[PDB]
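Listing of model.cif, mmCIF, C-alpha atoms
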```cif
data_structure
loop_
_atom_site.label_atom_id
_atom_site.label_comp_id
_atom_site.auth_asym_id
_atom_site.auth_seq_id
_atom_site.Cartn_x
_atom_site.Cartn_y
_atom_site.Cartn_z
CA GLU I 1 -18.51 -24.16 -15.63
CA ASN I 2 -18.18 -20.35 -15.84
CA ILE I 3 -15.62 -19.97 -13.01
CA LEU I 4 -13.44 -22.98 -13.89
CA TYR I 5 -12.72 -21.14 -17.15
CA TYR I 6 -11.06 -18.41 -15.10
CA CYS I 7 -8.97 -20.87 -13.09
CA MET I 8 -7.70 -22.70 -16.17
CA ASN I 9 -7.19 -19.48 -18.13
CA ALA I 10 -5.47 -17.96 -15.11
CA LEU I 11 -2.90 -20.75 -15.40
CA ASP I 12 -2.74 -20.18 -19.15
CA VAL I 13 -2.22 -16.42 -18.71
CA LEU I 14 0.48 -17.38 -16.18
CA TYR I 15 2.65 -19.07 -18.75
CA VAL I 16 1.61 -16.80 -21.66
CA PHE I 17 2.80 -13.82 -19.61
CA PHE I 18 5.90 -15.50 -18.26
CA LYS I 19 7.54 -15.19 -21.63
CA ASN I 20 5.67 -12.56 -23.58
CA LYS I 21 8.35 -9.88 -23.03
CA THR I 22 10.81 -11.89 -20.93
CA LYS I 23 12.69 -8.60 -20.29
CA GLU I 24 9.49 -7.36 -18.51
CA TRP I 25 7.92 -5.00 -21.02
CA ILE I 26 4.36 -5.35 -19.81
CA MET I 27 4.89 -1.81 -18.58
CA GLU I 28 2.39 0.01 -20.80
CA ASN I 29 0.77 -3.22 -21.99
CA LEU I 30 -0.67 -3.67 -18.48
CA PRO I 31 -3.78 -1.53 -19.32
CA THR I 32 -4.85 -4.38 -21.59
CA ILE I 33 -4.55 -7.04 -18.89
CA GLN I 34 -6.06 -4.51 -16.48
CA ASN I 35 -8.96 -4.20 -18.93
CA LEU I 36 -8.89 -8.00 -19.28
CA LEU I 37 -8.94 -9.06 -15.63
CA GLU I 38 -10.28 -6.00 -13.77
CA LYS I 39 -13.70 -7.65 -13.53
CA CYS I 40 -11.95 -10.69 -12.04
CA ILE I 41 -9.61 -9.03 -9.52
CA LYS I 42 -12.50 -8.74 -7.02
CA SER I 43 -13.71 -12.28 -7.64
CA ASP I 44 -13.86 -14.04 -4.22
CA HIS I 45 -16.77 -11.81 -3.16
CA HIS I 46 -19.28 -13.45 -5.50
CA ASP I 47 -17.88 -16.99 -5.48
CA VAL I 48 -15.75 -19.49 -3.56
CA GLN I 49 -12.27 -18.77 -2.17
CA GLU I 50 -10.73 -20.73 -5.09
CA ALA I 51 -10.82 -17.78 -7.52
CA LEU I 52 -8.14 -15.40 -6.18
CA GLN I 53 -6.50 -18.56 -4.86
CA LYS I 54 -5.83 -19.08 -8.58
CA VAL I 55 -5.40 -15.38 -9.46
CA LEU I 56 -2.52 -15.20 -6.89
CA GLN I 57 -0.07 -16.26 -9.59
CA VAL I 58 -0.79 -13.66 -12.26
CA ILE I 59 -1.20 -11.03 -9.54
CA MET I 60 2.20 -12.14 -8.17
CA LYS I 61 3.68 -11.65 -11.63
CA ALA I 62 1.77 -8.45 -12.38
CA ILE I 63 3.00 -6.66 -9.25
CA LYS I 64 6.42 -7.63 -10.53
CA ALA I 65 6.25 -4.49 -12.63
CA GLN I 66 9.74 -2.94 -12.16
CA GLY I 67 9.17 0.59 -10.95
CA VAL I 68 5.58 1.81 -10.65
CA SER I 69 6.78 4.08 -7.84
CA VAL I 70 6.72 7.87 -8.26
CA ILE I 71 8.49 7.02 -11.55
CA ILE I 72 6.43 5.91 -14.45
CA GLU I 73 2.80 6.39 -13.72
CA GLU I 74 0.92 3.64 -15.53
CA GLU I 75 -0.21 1.16 -12.86
CA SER I 76 -0.42 3.89 -10.24
CA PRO I 77 -4.11 4.03 -11.19
CA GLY I 78 -3.84 0.24 -11.12
CA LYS I 79 -2.29 0.19 -7.63
CA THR I 80 -4.83 2.76 -6.46
CA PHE I 81 -7.34 0.46 -8.12
CA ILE I 82 -6.47 -2.67 -6.17
CA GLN I 83 -5.58 -1.04 -2.85
CA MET I 84 -8.88 0.80 -3.23
CA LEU I 85 -10.86 -2.43 -3.52
CA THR I 86 -9.15 -3.91 -0.48
CA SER I 87 -10.21 -0.59 1.01
CA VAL I 88 -13.77 -1.59 0.11
CA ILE I 89 -13.82 -5.36 0.54
CA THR I 90 -12.24 -5.35 4.01
CA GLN I 91 -15.17 -3.10 4.93
CA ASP I 92 -17.46 -5.87 3.65
CA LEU I 93 -18.59 -7.66 6.79
CA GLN I 94 -21.07 -10.32 8.00
CA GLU I 95 -19.76 -13.35 6.09
CA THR I 96 -16.52 -15.24 5.70
CA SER I 97 -16.74 -14.89 1.90
CA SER I 98 -16.75 -11.08 2.02
CA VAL I 99 -13.22 -10.27 3.20
CA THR I 100 -11.08 -13.02 1.61
CA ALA I 101 -9.90 -10.76 -1.22
CA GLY I 102 -8.66 -7.92 0.98
CA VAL I 103 -6.07 -9.91 2.87
CA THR I 104 -4.87 -11.52 -0.34
CA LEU I 105 -4.42 -8.62 -2.76
CA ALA I 106 -2.79 -6.23 -0.29
CA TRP I 107 -0.79 -9.21 0.97
CA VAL I 108 0.70 -9.80 -2.50
CA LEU I 109 1.30 -6.05 -2.74
CA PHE I 110 3.18 -6.26 0.55
CA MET I 111 5.05 -9.42 -0.53
CA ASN I 112 6.89 -7.58 -3.30
CA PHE I 113 7.33 -3.96 -2.14
CA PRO I 114 8.70 -2.17 0.94
CA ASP I 115 5.54 -0.08 0.64
CA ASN I 116 2.25 -1.45 1.94
CA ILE I 117 -1.23 -0.01 2.46
CA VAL I 118 0.26 1.74 5.54
CA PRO I 119 -1.77 4.91 4.72
CA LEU I 120 -4.96 2.78 4.67
CA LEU I 121 -4.20 -0.54 6.42
CA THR I 122 -6.16 -0.21 9.67
CA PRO I 123 -9.52 -1.90 8.71
CA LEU I 124 -7.68 -5.12 7.92
CA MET I 125 -6.49 -4.83 11.50
CA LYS I 126 -10.20 -4.57 12.26
CA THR I 127 -10.54 -7.71 10.13
CA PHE I 128 -8.03 -9.23 12.53
CA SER I 129 -10.30 -7.86 15.24
CA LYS I 130 -13.07 -9.57 13.27
CA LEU I 131 -11.16 -12.84 13.04
CA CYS I 132 -9.94 -12.80 16.63
CA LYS I 133 -13.62 -12.79 17.65
CA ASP I 134 -14.04 -15.97 15.57
CA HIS I 135 -12.09 -17.88 18.22
CA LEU I 136 -15.45 -18.56 19.84
CA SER I 137 -16.76 -19.50 16.38
CA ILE I 138 -14.04 -22.14 16.04
CA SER I 139 -14.03 -23.40 19.66
CA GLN I 140 -17.75 -24.14 20.09
CA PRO I 141 -17.72 -25.80 16.65
CA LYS I 142 -15.98 -29.01 17.66
CA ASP I 143 -15.75 -30.79 14.30
CA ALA I 144 -15.30 -30.28 10.55
CA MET I 145 -17.86 -30.79 7.71
CA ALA I 146 -19.44 -27.43 8.63
CA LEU I 147 -17.57 -25.92 5.67
CA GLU I 148 -14.02 -27.31 5.94
CA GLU I 149 -13.22 -24.43 3.57
CA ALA I 150 -14.40 -22.08 6.32
CA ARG I 151 -12.25 -24.09 8.73
CA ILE I 152 -8.83 -24.27 7.15
CA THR I 153 -9.05 -21.28 4.83
CA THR I 154 -10.23 -19.14 7.74
CA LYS I 155 -7.23 -20.35 9.70
CA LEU I 156 -5.25 -19.68 6.50
CA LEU I 157 -6.16 -16.02 6.28
CA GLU I 158 -5.72 -15.99 10.04
CA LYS I 159 -2.14 -16.94 9.16
CA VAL I 160 -1.96 -14.29 6.42
CA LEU I 161 -3.15 -11.52 8.72
CA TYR I 162 -0.83 -12.60 11.44
CA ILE I 163 2.02 -12.36 8.99
CA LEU I 164 1.47 -9.18 6.99
CA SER I 165 0.46 -7.01 9.97
CA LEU I 166 2.62 -8.49 12.72
CA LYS I 167 5.81 -8.17 10.64
CA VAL I 168 5.62 -4.42 10.11
CA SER I 169 6.54 -2.12 12.99
CA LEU I 170 5.52 1.31 11.62
CA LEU I 171 2.01 0.87 13.06
CA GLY I 172 0.53 4.06 14.46
CA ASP I 173 -1.58 4.69 17.56
CA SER I 174 -3.25 1.28 17.75
CA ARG I 175 -0.57 -0.99 19.22
CA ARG I 176 -2.50 -1.97 22.34
CA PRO I 177 -5.37 -3.73 20.48
CA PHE I 178 -2.65 -5.06 18.17
CA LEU I 179 -0.98 -6.82 21.10
CA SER I 180 -4.03 -7.46 23.28
CA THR I 181 -5.36 -9.47 20.36
CA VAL I 182 -2.13 -11.50 20.31
CA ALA I 183 -2.53 -12.20 24.01
CA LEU I 184 -6.21 -12.85 23.26
CA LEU I 185 -5.02 -15.54 20.83
CA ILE I 186 -2.54 -17.15 23.24
CA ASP I 187 -5.31 -17.32 25.86
CA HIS I 188 -7.54 -19.46 23.65
CA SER I 189 -7.52 -22.90 21.96
CA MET I 190 -5.09 -22.16 19.18
CA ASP I 191 -3.29 -25.22 17.77
CA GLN I 192 0.46 -25.22 17.62
CA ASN I 193 1.69 -24.54 14.09
CA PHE I 194 -0.03 -21.18 13.63
CA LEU I 195 1.41 -20.25 17.02
CA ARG I 196 4.92 -21.43 16.21
CA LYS I 197 4.99 -18.62 13.65
CA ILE I 198 3.82 -16.03 16.21
CA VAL I 199 6.42 -17.11 18.73
CA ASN I 200 8.89 -17.06 15.84
CA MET I 201 7.43 -13.64 15.16
CA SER I 202 7.69 -12.82 18.84
CA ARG I 203 11.36 -13.65 18.26
CA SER I 204 11.08 -11.15 15.42
CA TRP I 205 9.73 -8.62 17.94
CA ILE I 206 12.20 -9.08 20.79
CA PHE I 207 15.57 -8.64 19.06
CA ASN I 208 14.54 -5.39 17.34
CA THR I 209 17.54 -3.11 17.31
CA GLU I 210 14.86 -0.91 15.74
CA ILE I 211 13.19 1.21 18.39
CA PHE I 212 9.75 -0.40 19.15
CA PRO I 213 9.25 2.52 21.43
CA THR I 214 8.92 0.71 24.79
CA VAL I 215 10.20 -2.60 26.15
CA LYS I 216 7.11 -3.09 28.33
CA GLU I 217 5.02 -4.01 25.28
CA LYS I 218 7.40 -6.94 24.74
CA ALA I 219 6.99 -7.56 28.46
CA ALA I 220 3.19 -7.49 28.15
CA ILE I 221 2.99 -10.03 25.34
CA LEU I 222 5.88 -11.99 26.76
CA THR I 223 4.22 -12.63 30.15
CA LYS I 224 1.61 -14.71 28.32
CA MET I 225 4.35 -17.18 27.29
CA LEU I 226 4.14 -18.74 30.76
CA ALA I 227 0.64 -19.96 29.90
CA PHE I 228 2.34 -22.50 27.59
CA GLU I 229 3.28 -24.61 30.62
CA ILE I 230 -0.27 -24.78 32.00
CA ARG I 231 -1.67 -25.55 28.52
CA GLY I 232 -0.37 -29.10 28.65
CA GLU I 233 1.48 -28.57 25.37
CA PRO I 234 5.23 -28.61 26.17
CA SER I 235 6.85 -28.50 22.75
CA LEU I 236 6.36 -24.81 21.98
CA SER I 237 7.90 -23.72 25.29
CA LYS I 238 11.53 -24.61 24.50
CA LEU I 239 11.50 -21.85 21.88
CA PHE I 240 10.54 -19.36 24.59
CA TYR I 241 13.22 -20.53 26.99
CA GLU I 242 15.69 -20.44 24.11
CA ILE I 243 15.00 -16.77 23.42
CA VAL I 244 15.11 -16.04 27.14
CA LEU I 245 18.52 -17.78 27.21
CA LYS I 246 19.79 -15.86 24.17
CA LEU I 247 18.10 -12.76 25.58
CA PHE I 248 20.34 -13.16 28.65
CA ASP I 249 23.48 -13.94 26.66
CA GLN I 250 23.85 -10.39 25.31
CA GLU I 251 24.37 -8.56 28.61
#
```
Serialized structure, structure tokens:
Amino acid sequence: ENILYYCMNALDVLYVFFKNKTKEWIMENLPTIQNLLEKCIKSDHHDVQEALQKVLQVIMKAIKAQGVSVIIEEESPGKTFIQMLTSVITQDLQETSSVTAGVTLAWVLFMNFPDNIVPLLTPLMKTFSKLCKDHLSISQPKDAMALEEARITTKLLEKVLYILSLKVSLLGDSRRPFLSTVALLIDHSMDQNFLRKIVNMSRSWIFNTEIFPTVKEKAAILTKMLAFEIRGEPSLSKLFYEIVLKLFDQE
């Protein structure tokens, strides 16, 4: 039972810390929950994906902390705790159950702050480089029941590490694997709904009044959109011709 306790208590700590200090004074009381849950923040290493799947809530509420910037210092060891362990656990290779925490924790950190792990983010990009090379490990497997968890949750963190990396544009000197992986996606099997968000996110790329320092990167990913016709799947293409239409309206 010893993990189901932490799911059910994670829900219980969710409501108990909704309304203990409704005005959000968990500001120097967070060392106690840090020294209550710090053995459980790095859970999904040792066990199933379900653990931080349930810790997502109290993490989502804990990062709601109201100014742990340069101003008051208390969870700045806590932040440099958790972004350190995503530093470690995204290094942890060779299984699907060794990297599931690193997308999640830094993803919730990114979901609340304009900061990210921008000074340290690049190995999760390598995790994307890890998970892009699992296209062959989802194409030659032709059916489920070989760990449906490792089917749809692996597509789920494929979604998460499309979204948290491909949104931000302050990426450094690694944009050409960043976009050659996206073309490497659109080459392969790649069912529609987790590509509707990357053509929606291609729409996020194209209309950048922000610099995005050359147009020919948009050209390089955007040439691969013509593969959508030869796929045999027509329904995603109308989005592309819509943004070509709107892309020709403003000139």
Check: What is the CA of residue 45 in chain I to CA of residue 98 in chain I distance in Å?
Finding: 5.2 Å
Check: What is the distance between CA of residue 239 in chain I and CA of residue 219 in chain I, in Å to one decimal?
Finding: 16.4 Å
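A straight line drawn from CA of residue 232 in chain I to CA of residue 198 in chain I is 18.5 Å long.
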Next item on the list: Skip residue 181 in chain I itself and residues of its chain fewer than 3 positions away, then list as an MDAnalysis selection string all residues within 10 Å of it, counting all atoms listed in the file.
Entry: chainID I and resid 128:129 131:133 175:178 184:187 221
Notebook entry, point to check: What residues come out when you apply the PyMOL selection byres ((chain I and resi 10) around 8) to this file, written as a ChimeraX atom specification?
Noted result: /I:6-9,11-14,54-55,57-58
Next item on the list: With the file shown as input, list the residues that the PyMOL selection byres ((chain I and resi 153) around 12) selects, as a ChimeraX atom specification.
Entry: /I:48-50,53,96-97,99-100,103-104,131,147-152,154-160
Note to self: List as an MDAnalysis selection string the protein and nucleic acid residues near residue 205 in chain I, meaning an atom at most 12 Å away when only C-alpha atoms are counted, but skip any in the same chain fewer than 3 places from it.
What the structure shows: chainID I and resid 166:169 179 197:202 208:215 217:219 221:222 243
